[PDB]
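Chains, contacts and geometry: an overview
Listed here are the chains, written in short residue letters.
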Amino acid sequence: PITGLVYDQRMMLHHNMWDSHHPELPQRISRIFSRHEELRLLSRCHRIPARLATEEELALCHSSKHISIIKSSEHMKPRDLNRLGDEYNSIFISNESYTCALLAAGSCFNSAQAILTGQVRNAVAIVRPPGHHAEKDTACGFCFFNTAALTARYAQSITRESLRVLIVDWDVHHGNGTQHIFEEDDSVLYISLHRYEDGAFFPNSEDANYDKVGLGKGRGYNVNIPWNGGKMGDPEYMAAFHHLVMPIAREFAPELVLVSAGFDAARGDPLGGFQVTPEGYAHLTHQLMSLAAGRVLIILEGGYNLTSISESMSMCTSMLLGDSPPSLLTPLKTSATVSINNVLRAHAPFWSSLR
Ligand SMILES: O=C(/C=C/C#Cc1cccc(NS(=O)(=O)c2ccccc2)c1)NO
Ligand SMILES: [K+]
Ligand SMILES: [K+]
Ligand SMILES: [Zn+2]
């Protein structure tokens, strides 16, 4: 039918009390929402309500210890908040943090439900804190709970356990948590494009490399597309979709598509250093829309240039609403060609469409 949108101002309450210029800013989501309104995209959408995730829903991917620890931060005074934050890789916590993480997850569940119950065809979730770095047992890189991973499981819980869910993660950073959660799982195809730099780029693990293809029955169902050697843009991203993402995805025949949609590969992003354009993101989205009968949920992850993320995510919602793709390239950077050839060599034994 239509396009769903979920957004809740309360998720702005998560904040960094010791550094109010930390790039994971509250107004990330409010700038995005504002922009959807200015471009008249908001009123074309069906407003999906936000909700808290339950602790039972969190246990779909996370350990009870981790849930309890993060939940306990709710009552901590600043000294202990800071102490708990420092126990993870790149985490700040405020008393509202846990609530905001629950809201982000819950928001996505409701959206996935609207899709799967046929209330909407596709949807956007303007949410924070992000999630794809979060592991089963720990918080990481601004992420408390793995929103995307939880949503895949939630979708499976209201349809069937083996429901084919594709997760495309085009945030500039590798989704270590998402990869790990489904690494042995053939029901969830994880595809991530990320800056790698041989382990120099956050989160600095060889897990992000192209030769990590999955374990056990999940072998082949984890696809890393690692970038090395500086700036990449629309041509590199269109190529990777063309040669890898779409052919593998079609072959997987997903019943639902989740996008971990960080916009930190955007032109202008201070952490990403890439130059994917709003138009670029629109085309990526428009391609994914051809999958799973159009059942596509776009979930905000990273992205720290307020204008860039506002422009890029708006363009994605434009495509979900069915607007025509904007016009678009250039020869690939040589290392991007190597990256793609590497992935192709690594996944050709698992996907006939690559042969
Ligand atoms: O988007 C993401 C996460 C991005 C990140 C990061 C990171 C990790 C370690 C060090 C720094 N240094 S900093 O300048 O970006 C900085 C960061 C935060 C506060 C102050 C300075 C950044 N995942 O999808
Ligand atoms: K990624
Ligand atoms: K997998
Ligand atoms: Zn990121």
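Residues numbered from 1 in each chain as written, not as in the entry; some residues may be left out. Chains lettered and ligands numbered in written order. Heavy atoms only, no water.

- Deposited coordinates in this entry are attributed by the record to X-ray crystallography, at a stated resolution of 2.543 Å.

**Here we look at the overall build of the protein chain**
- On a plain count of helices and strands, the protein chain comes out with 11 helices and 8 strands.
- Against the compact-globule benchmark of 20 Å for 355 residues, the protein chain has a radius of gyration of 18 Å, which places it among compact chains.
- For the protein chain, the residues scored as buried account for 61% of the 355 residues in total.
- Surface exposure of the protein chain reaches about 13,100 Å², of which carbon and sulfur atoms provide 50%.
- The positive charge centre, built from 30 side chains, and the negative charge centre, built from 37, are 3 Å apart in the protein chain. (Helix = DSSP H or I, 4+ residues; strand = E, 2+ residues; numbered from the N terminus. Rg over C-alpha atoms; globule rule 2.2 N^0.38 Å. Buried < 20%, exposed > 50% of the residue type's maximum accessible area, 1.4 Å probe, protein only. Areas by Shrake-Rupley, 256 points an atom, 1.4 Å probe, with all protein chains shown as cover. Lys, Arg positive; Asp, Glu negative; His and termini not counted. Charge placed at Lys NZ, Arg CZ, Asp CG, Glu CD.)

**Quick notes on the pattern of salt bridges**
- The full count for this structure, using the stated rule, is 14 salt bridges.
- Put simply, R51 and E57 hold a salt bridge, and the shortest N to O gap is 2.9 Å.
- Judged by its relative accessible area of 22%, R51 falls in the partly exposed class.
- As a salt-bridge pair, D211 and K212 come within 2.8 Å of each other at their nearest N and O atoms.
- On the basis of relative accessible area, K212 is assigned to the partly exposed category, the value being 22%.
- Through salt bridges with shared partners, one network takes in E24, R28 and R128. (Salt bridge = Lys/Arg side-chain N within 4 Å of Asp/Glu carboxyl O.)

**Describing the packing of aromatic side chains**
- Going through the model one piece at a time under the given rule, you end up with 11 aromatic pairs.
- With 5.0 Å between their ring centres and 15 degrees between their planes, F109 and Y154 make a pair best called stacked. Residue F109 is found in helix 5 (residues 97-116), and its partner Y154 is found in helix 6 (residues 147-157); the two are separated by 45 residues along the sequence. No difference in accessibility class separates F109 from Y154, as the two residues are buried. (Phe/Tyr/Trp six-rings, centres within 6.5 Å; stacked < 30°, edge-to-face > 60°.)

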